[PDB]
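Q: I am sharing coords39.txt, which consists of compact mmCIF, C-alpha atoms (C1' of nucleotides):
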# COMPACT_ATOMS: atom_id res chain seq x y z
CA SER A 139 30.23 -1.55 4.20
CA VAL A 140 28.64 -0.93 0.78
CA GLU A 141 27.63 -3.43 -1.90
CA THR A 142 28.93 -2.79 -5.40
CA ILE A 143 29.77 -4.74 -8.50
CA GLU A 144 32.79 -4.51 -10.80
CA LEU A 145 31.85 -4.46 -14.49
CA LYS A 146 34.95 -5.38 -16.53
CA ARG A 147 35.62 -4.26 -20.11
CA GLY A 148 39.10 -5.18 -21.25
CA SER A 149 41.54 -2.96 -19.30
CA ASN A 150 38.55 -1.02 -17.88
CA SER A 151 36.39 -1.76 -14.94
CA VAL A 152 33.41 0.39 -13.98
CA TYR A 153 32.16 0.16 -10.40
CA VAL A 154 28.42 0.47 -9.75
CA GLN A 155 26.11 -0.03 -6.72
CA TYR A 156 23.82 -3.09 -6.84
CA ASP A 157 20.68 -0.95 -6.76
CA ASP A 158 22.03 1.49 -9.38
CA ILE A 159 21.26 -1.45 -11.72
CA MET A 160 17.72 -2.21 -12.95
CA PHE A 161 18.57 -5.45 -14.74
CA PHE A 162 21.09 -7.30 -16.89
CA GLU A 163 20.48 -8.67 -20.38
CA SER A 164 22.66 -10.72 -22.75
CA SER A 165 24.37 -8.70 -25.49
CA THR A 166 24.45 -9.52 -29.20
CA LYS A 167 28.22 -9.73 -28.56
CA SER A 168 28.95 -13.26 -27.27
CA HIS A 169 29.97 -13.54 -23.58
CA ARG A 170 28.94 -9.91 -22.78
CA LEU A 171 26.05 -8.59 -20.80
CA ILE A 172 24.36 -5.19 -20.72
CA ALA A 173 23.76 -3.69 -17.28
CA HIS A 174 20.79 -1.32 -17.45
CA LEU A 175 21.42 1.50 -15.01
CA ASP A 176 19.12 4.37 -14.01
CA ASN A 177 20.13 6.59 -16.95
CA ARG A 178 22.62 4.64 -19.12
CA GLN A 179 23.49 1.12 -20.27
CA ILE A 180 26.88 -0.56 -19.74
CA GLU A 181 28.22 -3.45 -21.83
CA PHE A 182 30.63 -5.82 -20.02
CA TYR A 183 31.99 -9.40 -19.82
CA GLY A 184 30.06 -11.70 -17.48
CA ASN A 185 27.52 -14.52 -17.23
CA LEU A 186 23.91 -14.33 -16.02
CA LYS A 187 24.16 -17.47 -13.87
CA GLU A 188 27.00 -16.04 -11.74
CA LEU A 189 25.20 -12.72 -11.33
CA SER A 190 21.94 -14.39 -10.22
CA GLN A 191 23.99 -16.28 -7.59
CA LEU A 192 25.48 -13.01 -6.21
CA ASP A 193 22.39 -11.99 -4.24
CA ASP A 194 18.79 -13.05 -3.62
CA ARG A 195 17.66 -9.76 -5.23
CA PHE A 196 19.19 -10.79 -8.57
CA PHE A 197 16.66 -13.20 -10.02
CA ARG A 198 16.77 -15.01 -13.36
CA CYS A 199 13.32 -14.03 -14.64
CA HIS A 200 14.13 -15.21 -18.18
CA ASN A 201 16.93 -17.07 -20.04
CA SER A 202 18.24 -13.72 -21.29
CA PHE A 203 17.52 -11.49 -18.22
CA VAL A 204 18.57 -11.16 -14.57
CA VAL A 205 16.44 -8.57 -12.80
CA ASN A 206 17.20 -6.55 -9.67
CA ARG A 207 14.13 -7.14 -7.51
CA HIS A 208 14.87 -3.91 -5.59
CA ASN A 209 14.16 -1.77 -8.69
CA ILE A 210 10.99 -3.47 -9.94
CA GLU A 211 8.19 -0.87 -10.02
CA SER A 212 5.36 -3.13 -11.22
CA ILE A 213 4.57 -6.50 -12.82
CA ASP A 214 1.90 -7.37 -15.38
CA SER A 215 1.74 -11.19 -15.00
CA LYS A 216 -0.71 -11.63 -17.94
CA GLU A 217 1.73 -9.96 -20.36
CA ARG A 218 4.71 -11.07 -18.21
CA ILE A 219 6.27 -7.59 -18.39
CA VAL A 220 8.38 -6.27 -15.56
CA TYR A 221 8.63 -2.51 -15.20
CA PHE A 222 11.45 -0.76 -13.38
CA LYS A 223 11.72 2.50 -11.40
CA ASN A 224 13.49 4.21 -14.28
CA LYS A 225 10.55 3.42 -16.67
CA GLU A 226 12.41 0.62 -18.53
CA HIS A 227 11.00 -2.89 -18.78
CA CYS A 228 11.95 -6.45 -19.65
CA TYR A 229 10.18 -9.75 -20.19
CA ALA A 230 9.74 -12.75 -17.94
CA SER A 231 9.45 -16.33 -19.07
CA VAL A 232 6.23 -18.25 -18.40
CA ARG A 233 7.90 -20.57 -15.83
CA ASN A 234 9.74 -17.86 -13.88
CA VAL A 235 7.34 -14.86 -13.86
CA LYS A 236 5.26 -15.99 -10.85
CA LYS A 237 8.39 -16.64 -8.75
CA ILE A 238 9.79 -13.07 -9.05
CA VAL B 140 14.52 -3.20 1.93
CA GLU B 141 10.84 -3.06 2.97
CA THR B 142 8.32 -2.83 0.17
CA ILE B 143 4.72 -3.70 -0.35
CA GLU B 144 2.90 -5.32 -3.25
CA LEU B 145 -0.27 -3.51 -4.35
CA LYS B 146 -2.34 -5.95 -6.42
CA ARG B 147 -4.62 -4.75 -9.17
CA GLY B 148 -6.11 -7.80 -10.93
CA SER B 149 -3.13 -9.32 -12.79
CA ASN B 150 -1.14 -6.17 -12.13
CA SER B 151 0.88 -5.65 -9.04
CA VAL B 152 2.72 -2.40 -8.33
CA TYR B 153 5.62 -2.49 -5.89
CA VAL B 154 6.22 0.49 -3.61
CA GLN B 155 8.48 1.17 -0.61
CA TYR B 156 6.76 1.48 2.77
CA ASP B 157 7.83 5.14 3.24
CA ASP B 158 6.84 6.12 -0.32
CA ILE B 159 3.30 5.81 1.11
CA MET B 160 1.75 8.58 3.20
CA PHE B 161 -1.41 6.69 4.14
CA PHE B 162 -4.13 4.33 2.97
CA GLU B 163 -7.84 5.09 2.76
CA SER B 164 -10.84 2.95 1.83
CA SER B 165 -12.10 3.42 -1.72
CA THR B 166 -15.70 3.99 -2.75
CA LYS B 167 -15.16 0.67 -4.59
CA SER B 168 -15.82 -2.12 -2.06
CA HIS B 169 -12.77 -4.13 -0.91
CA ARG B 170 -10.30 -1.65 -2.46
CA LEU B 171 -7.98 0.79 -0.78
CA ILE B 172 -6.22 3.89 -2.06
CA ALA B 173 -2.53 4.17 -1.24
CA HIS B 174 -1.55 7.86 -1.17
CA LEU B 175 2.01 8.15 -2.41
CA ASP B 176 4.21 11.24 -2.51
CA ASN B 177 3.06 12.34 -6.02
CA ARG B 178 0.29 9.83 -7.01
CA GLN B 179 -2.58 7.74 -5.66
CA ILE B 180 -2.92 4.01 -6.30
CA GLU B 181 -6.15 2.03 -6.03
CA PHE B 182 -5.75 -1.64 -5.06
CA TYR B 183 -7.37 -4.67 -3.34
CA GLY B 184 -6.60 -5.02 0.35
CA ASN B 185 -7.91 -4.55 3.87
CA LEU B 186 -6.88 -1.93 6.42
CA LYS B 187 -6.64 -4.38 9.36
CA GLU B 188 -4.04 -6.54 7.56
CA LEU B 189 -2.00 -3.42 6.57
CA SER B 190 -2.00 -2.01 10.12
CA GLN B 191 -0.62 -5.37 11.29
CA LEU B 192 2.27 -5.23 8.78
CA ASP B 193 4.36 -2.80 10.77
CA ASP B 194 4.24 -0.65 13.90
CA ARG B 195 4.52 2.46 11.67
CA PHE B 196 1.17 1.63 10.02
CA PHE B 197 -1.39 2.79 12.57
CA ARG B 198 -5.17 2.68 12.28
CA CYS B 199 -5.91 6.32 13.13
CA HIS B 200 -9.53 6.05 11.94
CA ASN B 201 -11.94 3.34 10.68
CA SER B 202 -11.26 4.42 7.07
CA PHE B 203 -7.51 5.32 7.34
CA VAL B 204 -4.19 3.63 8.07
CA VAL B 205 -1.41 6.21 8.34
CA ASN B 206 2.33 5.79 7.86
CA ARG B 207 3.78 7.31 11.03
CA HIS B 208 7.10 7.89 9.22
CA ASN B 209 5.53 10.49 6.87
CA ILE B 210 3.44 12.47 9.40
CA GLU B 211 4.61 16.08 9.28
CA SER B 212 2.32 17.48 12.01
CA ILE B 213 -0.81 16.77 14.08
CA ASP B 214 -3.56 19.14 15.20
CA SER B 215 -5.20 17.13 18.03
CA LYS B 216 -8.04 19.60 18.55
CA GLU B 217 -9.17 19.30 14.93
CA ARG B 218 -7.77 15.75 14.79
CA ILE B 219 -6.11 16.41 11.46
CA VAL B 220 -2.91 14.63 10.46
CA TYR B 221 -0.63 16.33 7.92
CA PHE B 222 1.91 14.48 5.81
CA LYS B 223 5.24 15.43 4.30
CA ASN B 224 3.71 15.74 0.83
CA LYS B 225 1.18 18.45 2.01
CA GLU B 226 -2.10 16.53 2.22
CA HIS B 227 -3.86 15.24 5.23
CA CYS B 228 -6.38 12.85 6.68
CA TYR B 229 -8.55 12.64 9.77
CA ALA B 230 -8.22 10.77 13.00
CA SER B 231 -11.03 9.40 15.11
CA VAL B 232 -11.57 10.79 18.59
CA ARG B 233 -10.52 7.53 20.24
CA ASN B 234 -7.39 6.90 18.18
CA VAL B 235 -5.90 10.39 17.65
CA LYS B 236 -4.02 10.58 20.98
CA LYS B 237 -2.34 7.18 20.35
CA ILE B 238 -0.76 8.07 16.95
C1' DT C 1 -11.11 16.50 29.49
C1' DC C 2 -14.70 13.21 29.90
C1' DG C 3 -18.56 9.64 29.25
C1' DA C 4 -23.15 8.60 27.11
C1' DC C 5 -27.65 8.95 23.98
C1' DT C 6 -28.55 9.30 19.28
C1' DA C 7 -28.69 8.51 14.42
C1' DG C 8 -26.45 7.85 10.40
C1' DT C 9 -22.39 5.29 8.04
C1' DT C 10 -19.03 1.73 6.78
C1' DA C 11 -15.00 -2.33 6.77
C1' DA C 12 -14.69 -6.50 5.49
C1' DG C 13 -16.30 -11.56 5.62
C1' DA C 14 -18.86 -14.41 3.02
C1' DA C 15 -20.53 -15.53 -1.05
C1' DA C 16 -21.54 -15.11 -5.57
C1' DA D 1 -12.13 -10.15 -10.83
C1' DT D 2 -15.69 -7.33 -8.88
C1' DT D 3 -19.87 -7.22 -6.68
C1' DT D 4 -24.10 -8.11 -3.50
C1' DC D 5 -25.76 -8.88 0.79
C1' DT D 6 -25.02 -8.38 5.56
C1' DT D 7 -24.51 -6.37 10.24
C1' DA D 8 -21.43 -5.48 14.06
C1' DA D 9 -18.83 -1.85 14.75
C1' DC D 10 -17.72 2.24 13.83
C1' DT D 11 -18.35 7.70 13.35
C1' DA D 12 -19.44 12.79 14.49
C1' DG D 13 -22.39 15.54 17.09
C1' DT D 14 -24.58 16.75 21.21
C1' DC D 15 -25.39 17.40 25.76
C1' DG D 16 -24.20 17.81 29.92
I need this file expressed as C-alpha cells, please.

A:
Amino acid sequence: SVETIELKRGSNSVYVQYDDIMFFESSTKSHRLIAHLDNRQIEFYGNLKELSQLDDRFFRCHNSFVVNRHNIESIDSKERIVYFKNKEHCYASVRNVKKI
Amino acid sequence: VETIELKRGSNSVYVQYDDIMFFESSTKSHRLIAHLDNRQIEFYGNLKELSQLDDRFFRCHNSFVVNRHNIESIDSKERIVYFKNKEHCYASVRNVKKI
DNA sequence: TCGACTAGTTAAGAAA
DNA sequence: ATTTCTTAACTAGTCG
C-alpha cells in the first residue's frame, strides 16, 4: 500500500512517509544524515547514494543533499536555491541544479 | 503526483494542479495569472498550451482557463463560475454550456 | 433558446 | 527577459 522509510538510530527506528520529508542532508556526525520533515528534523544512520536510488523523486541535487522533488515549492536557478513547502531551503550544485 | 512549473525569469514555482483555481491573462503581455487557493502567481505561459495539459483545464473564455476540479458552482444565466476558494470568473456564451 | 449585425477588444506568434 | 507590432479571432450587446 503506502510508501514509508525507516530511519534507524541505534535501537530506535522512526517510520516516516516519503512525502513527510522535504530533504536529507549530511550531518556533522560521520555516517549520519538529517531528514528534514515538515516541522522537525531527524538525525539517523544512512547514506545519500542509497536514498537517491530509492525513488525517482529523491534526487541528488548536491554532494551533501538529497531532495524530495514532491515537496519543492520553487527554484531560483540563478542563486541555485531550492525552496520547500514548509518554507525551508537547501542549495543545489552548479552541475545538478538544472536537472532537478 | 501532477504538478506544474510556473516560470518567472530564472525563478520557477512548482504548484499542484488542484492548488490552482484558474488561470487568467495578465495585463502584461505573454503572462498569465494562476489563481491559487490563497495567493495569485504571475508567470509566462499561454492559455492554449495549458488547456491542452489536462481534460480538467478547460478554456471557458478567451481570457480564462478554469480547473474543473475546483469549480464550486455555475450560474449559466449570468455565466459566472464560482470556485472553492470563493472567487469567480466569467465564461463566454459559446463555451459556458460545455464546462 | 437561437442566430446575426455591429463595434470594440485581445491571445499569442513573431520578432526584437 | 520583456516588449512592440500585428491581426485573426474573439467578446458582449442588441435586435429580432

Q: Output the contact residues of chain B with respect to chain A at a cut-off of 7 Å, based on all atoms listed in the file, as a list in words.

A: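 Close enough to count are residues 149, 150, 151, 152, 153 and 154 of chain B.
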
Q: Using all atoms listed in the file, find which residues of chain D lie within 12 Å of chain B and jot them down as an MDAnalysis selection string.

A: chainID D and resid 1:4 9:13

Q: Could you work out which residues of chain C fall inside 12 Å of chain B? Count all atoms listed in the file, and format the result as an MDAnalysis selection string.

A: chainID C and resid 1:2 9:13

Q: Between CA of residue 184 in chain A and CA of residue 236 in chain A, what is the distance in Å, rounded to a tenth?

A: 26.0 Å

Q: To one decimal place in Å, what is the distance between CA of residue 148 in chain A and CA of residue 201 in chain A?

A: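 Those two atoms sit 25.2 Å apart.
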
Q: Would you mind telling me which residue in A:232, A:159, A:194, A:143 lies nearest to residue 177 in chain A when using all atoms listed in the file?

A: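 Smallest distance to residue 177 in chain A is found for A:159.
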
Q: To one decimal place in Å, what is the distance between CA of residue 178 in chain B and CA of residue 227 in chain B?

A: 14.0 Å

Q: As a PyMOL selection string, please: the residues near residue 212 in chain B (cut-off 9 Å, only C-alpha atoms (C1' of nucleotides), same-chain neighbours under 4 positions excluded).

A: chain B and resi 219-223

Q: Extract, using all atoms listed in the file, all DNA, RNA and protein residues at most 10 Å from residue 16 in chain D, discarding same-chain residues fewer than 2 positions from it, and format them as a ChimeraX atom specification.

A: /C:3-4 /D:14

Q: With only C-alpha atoms as the atoms that count, which of B:189, B:173, B:199, B:160 lies nearest to residue 224 in chain B?

A: B:160
